[PDB]
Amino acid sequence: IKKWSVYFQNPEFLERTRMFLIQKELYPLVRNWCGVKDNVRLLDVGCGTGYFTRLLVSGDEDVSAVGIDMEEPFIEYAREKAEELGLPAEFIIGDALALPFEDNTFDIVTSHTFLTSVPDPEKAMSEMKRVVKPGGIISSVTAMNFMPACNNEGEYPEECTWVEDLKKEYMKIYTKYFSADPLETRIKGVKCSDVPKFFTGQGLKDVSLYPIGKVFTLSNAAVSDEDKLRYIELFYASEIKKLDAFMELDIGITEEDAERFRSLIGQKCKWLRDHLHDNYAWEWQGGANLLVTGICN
């Protein structure tokens, strides 16, 4: 099995794919539903690059957070991110199955797209229950489906010659990635449909569900330029680093192929940058994540 933070999802990939999951305007609601509130200290388990960690501590409330993850690269990045934004969040390398804390340390315990992944969700939940204070809220956000509920590849202007080639190269190189790094190891946890049942089954009380819609497109007028430009940077960087990591291994990608793929990714990004205000391609994707909370005794 290949190192998660290098070959499967690099730090930039996590940042680019999480950025648009939850509208800015939903943050106070999501904070409230997870039990964020004055003088709350929270733990975010498998925090990756700290996306959800940041979201929860980004309000006006007097809160602090610890994020824990197995991947050194994720923790490094999370620290850099939090430090940059001045946020009260600590990031720590460690194991979900073996939390380096005493019982009843945290008011709130959460995880984001994590219970889906762990080989042993019962034990992880057992840890979350141990470390939360009596009567505190444990929350999980998980994908409702691995497929998007709706999807359009978009229609780019006819001038754009990179569109067909890149589509072709992308699912050629990516099928090669799926060989060398199979997905089935990463999705050993609680099935999407089973999470609510899992919560009451682990003894949690007042089990509550809240859907959280998600949408992606650079054509969206309600998304800031800054966010679009930040996404484009992260997309470029995430694709190039993933490719390079696989080259430095061999998996069946010629150097000509790689330079082609680089060139095309570069052309897409250049087009997206140049058409920041008038991108009407509607390459778009949506669906919903599911928030589940329960109280521990």
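So that there is no doubt, residue numbering starts at 1 and follows the sequence shown.
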Worksheet item: Which is higher in the entry, the mean Cα B factor of 164-172 or that of 190-198?
Response: 164-172
Worksheet entry | Segment of higher mean CA temperature factor, 1-9 or 288-296 | 1-9
Worksheet item: Between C150, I212, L218, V109, which carries the biggest CA temperature factor in the record?
Response: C150
Response to the item:
Comparing C-alpha B-factors across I75, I138, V207, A180 in this entry, the winner is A180
Discussion item. Sorting by Cα B-factor within the chain, modelled residues only, which third would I92 end up in: lowest, middle or highest?
Written reply: middle
Discussion item. Please say which third, lowest, middle or highest, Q267 falls into when its CA temperature factor is compared across its chain.
Written reply: middle
Fill in: CA B-factor placement of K228, once the chain's modelled residues are sorted into thirds
lowest
Item to complete: Just say lowest, middle or highest third for the CA B-factor of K37 relative to the other modelled residues in its chain.
Response: highest
Worksheet item: Ranked by Cα temperature factor within the chain, is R273 in the lowest third, the middle third or the highest third?
Response: middle
